[PDB]
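Below sits a lone chain in structure tokens, taken as the form deposited in one PDB entry.
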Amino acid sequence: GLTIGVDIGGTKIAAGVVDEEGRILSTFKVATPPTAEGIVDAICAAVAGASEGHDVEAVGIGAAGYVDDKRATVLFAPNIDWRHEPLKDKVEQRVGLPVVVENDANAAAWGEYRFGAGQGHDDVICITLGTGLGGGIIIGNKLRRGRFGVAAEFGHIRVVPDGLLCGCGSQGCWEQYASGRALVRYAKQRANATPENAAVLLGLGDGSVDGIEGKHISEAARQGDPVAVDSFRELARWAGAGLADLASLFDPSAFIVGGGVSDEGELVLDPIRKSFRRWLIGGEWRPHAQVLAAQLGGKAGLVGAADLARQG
């Protein structure tokens, strides 16, 4: 039957009724409140708005952060003051339907695997290059959350010893080098070096280096703005090298690369592929994983969380 998926974003919370083929029949969005306590009411309002006129059987919620193996508790969220938050219990009490809580990128990975670019593969690794960096693991046709629920924290593998401080509390995390926030750092540092090579980029914002935002960088790079282009290339080197490490770890059939950074398309995916090939160990002797574009865009987590709510 029909289930609801919920995507908890930094700015908006979206809930959608999703059918068994992963099709979204309704979508209702609410503002993400500044408060943790408010976020629960907002999730419930989003679910109510999406649910109108549909026979809904379960609710799946995708949340950034470490979710336990019981798919019930957010152990830690990077942008919400949730610490061992019993989200499943609180929402079930309020909506009166079964609820599953999943990591956001796990949910997106399952969405891409079941309904997107992963179809036809048995073993795939999905990566989301967004504001944060996440991913999900599919092995033998099943999402793998690990013993304690916290597998596929790809954003927090250390790629630079003694590197940048990260929101997770550690240093040198992949997310500090291959996420949208890294993209903005590269553009700012490059625009500061040579502002004449960033005319288009700076024109799209307020004209200062401080004013550069992620949205500007994609549009400027498309136009051939040298700083914006070079910034994507710098990000692509980190993203491709990290995929190469994941190939040595998991050796999947395919990688599915998604998230806001990947949205510009081949401008960023092509250099990611080139770096993957450069750093793939034993690439002369072993088969190369396919590096595939995600197909569901920003809807992958909503669809995936709804479908994960069925498995149970």
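Residues carry their position along the shown sequence, with the first being 1. For clarity, a rigid core is taken as the largest C-alpha set superposing within 1.5 Å between two forms.
What comes next is about the form deposited in another entry, which does not appear here.
Item to check | Of the candidates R158, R144, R222, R94, the only Cα that travels 2 Å or more between this form and the one not shown, given a rigid-core fit | outcome: Single hit from the list, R94.
Item to check | CA of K12, rigid core aligned, shift of 2 Å or more between this form and the one not shown | outcome: Yes, the C-alpha position differs by at least 2 Å between this form and the one not shown.
Next on the checklist: At a 2 Å cut-off on C-alpha positions, does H288 qualify as shifted between this form and the one not shown after fitting the rigid core?
Outcome noted: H288: C-alpha displaced by less than 2 Å between this form and the one not shown.
Item to check | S248 C-alpha shift between this form and the one not shown of 2 Å or more, rigid core reference | outcome: No, the C-alpha position differs by under 2 Å between this form and the one not shown.
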